[PDB]
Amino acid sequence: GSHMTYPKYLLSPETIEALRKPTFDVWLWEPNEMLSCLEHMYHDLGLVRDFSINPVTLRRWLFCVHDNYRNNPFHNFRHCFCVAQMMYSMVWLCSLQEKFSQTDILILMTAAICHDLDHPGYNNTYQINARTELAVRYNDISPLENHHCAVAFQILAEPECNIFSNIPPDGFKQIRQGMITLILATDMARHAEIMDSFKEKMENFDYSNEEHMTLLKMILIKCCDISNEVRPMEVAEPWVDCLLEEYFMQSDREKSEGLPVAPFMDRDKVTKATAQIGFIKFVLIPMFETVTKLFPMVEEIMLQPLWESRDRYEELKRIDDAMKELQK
């Protein structure tokens, strides 16, 4: 509702406001618009101010991150934007600036943005089983996540992209360690371990305990990474097809190459509805349930849409199953 028309990469006041909430429609925007959103987040969170980030370096860095995301069906730049935009939403929803230092917020946001850089479109189990150059490089230890992190810091070592160039060395070392911990924590193999450790701390949680706070930040980046189904159905739904497209590409390849296949990626065994019912019930709901014990406001904003998505997928499954009753 402005008196003239602006270029798309100039975010409207309504977009800037919408960006603060998990209802934001991530599909609406092209890459250069998404880049403008991410830029706005760094200014709006006070990170440009508190870390003396050169504003032009911020943009060059974002452009370079974008260029180093691959065009996978799921693990692409739009996914990175989702994860970061959910993290941003969490900052406001949970009032994280009351609990976390600016350095922690910087770690959270930058890790979120960087956490899937240069993803090859085939997961760690493929890397390991196929004995790829990556699996060999990283000795079968979270090869993809180690790689994402190493690319992150290769980008940040280019002077014209170094958004940390005005932070003193000790600050840099603190941010580097935090980002490594958080990006490595996104390896889903470690999900049960990290949830257990967190739940231990949750027996008597202490915001001034640095170990407690490291685990909270790992849980937060983990929430955001797998958060799609928290979004409105019409935003969330198209992601599932993207996920399955990547899964099926891998499992087709594994069958062909003579490698082991996960039943959860097998296009013979797997459907949209079956994929999501399990993940929502047994991974997402329980995770957000534990978060909701620190941040009660999470139940209404995030657990509700998950209960809704679960129920809807259970309905879809009934129809899918009937439809297969017709095809023998």
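Numbering starts at 1 and follows the sequence shown.
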item	value
Greater mean Cα temperature factor according to the PDB record, 158-166 or 194-202	194-202
Mean C-alpha temperature factor, higher of 242-250 and 143-151	242-250
Identity of residue with top Cα B-factor, from 118, 225, 187, 237	237
Within-chain third of residue 79 by Cα B-factor, per the entry	lowest
Record-listed C-alpha B factor of residue 73: chain third	middle
Ranked C-alpha temperature factor of residue 278 among modelled chain residues, by third	middle
B-factor third for the C-alpha atom of residue 178 within its chain	lowest
Chain-relative CA temperature factor third for residue 288	highest
